[PDB]
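The chain that follows stands alone, in the form deposited in one PDB entry, written as structure tokens.
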């Protein structure tokens, strides 16, 4: 009866009969509680749904009787993208809930960002805003979903691995016990699965800023520093904080128009006794050679600062910044993949006096809240 609440990037439905509880049985929607009636991969209309397994309502009745608050957590980015009308999705949800026959609270992530599984925004909303202030025991709760990162063929008729691991990673981020729909409703044996190679729980603020520690970030005399690394991974921030703040001239090629004005800019800075930093995407030998030649012509050293971030680390950082930094320029996946395809590690043979390695590390001076968010998986 309480009904729908609309927030900027979240919809919440609370059915008649919902009660706050200290334990929750939460569920994905698409491919977990429902599937297409049509038997197609994608629904042909808002009415193209059926309950996934006939075992489902009995299990839900049993959970409700044991005092579990029933909740749905669903990503519906089609709403934010303008492809799926919110008011049509709302109707579909009410129809599904009527068929399931038990009171549910539903939370819908309409956009990318904090609320989009696997990020735990919807859980935090449930706990902080939508459970009448009752603390929820995560250990006594459960999340059930089909985006579980399962390997192909976990059952007759599925030569296709799970498209996503977002449901399993949501549970991991929150600390919730997790099960697939088949393990949960049908008591099938656990299916084999894979986690992402990069685990953001492993990202430290520890260790040296750069290697070798015996080297110095700055030179007293003119030089050209060439920064190498994936975009959106913190290169420019590091350069701003450590070099530009020390008076290095930020020479940006993308905005100088042509090679000629760039080289001229570089040369004028050097002639003035200044140090120069190139903060661009310089993934391969030919990209970097231009700047090395400029240094050589000017008779100044060229050093490389090689930022260690991997593609998945960089993409993680990008998403984090999208979620937390109003000034962040979102780096597209195409830019990331193009960089990786072109990447050749810097070597001294290119003409560098030395190469410093800049380990991928958590930034200092993120507040505690942001650090907790940083360690969450943010893509399934």
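Heads up, when I say rigid core I mean the largest set of C-alphas that superpose within 1.5 Å between the two forms. Positions refer to the first chain, counted from 1.
Missing here is the form deposited in another entry; even so, the following discussion is about that form.
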Check your understanding: Rigid core as reference, CA moved 2 Å or more between the shown form and the other one - which of 134, 186, 209, 102?
Key -> 209
Check your understanding: Has the Cα of residue 67 moved 2 Å or more between the shown form and the other one, judged after a core fit?
Key -> no
Exercise for review: For residue 219, decide whether the Cα shift between the shown form and the other one is 2 Å or greater, given a superposition on the rigid core.
Suggested key: yes
Check your understanding: With both forms fit on the core, is the shift of the CA atom of residue 291 between the shown form and the other one 2 Å or larger?
Key -> yes
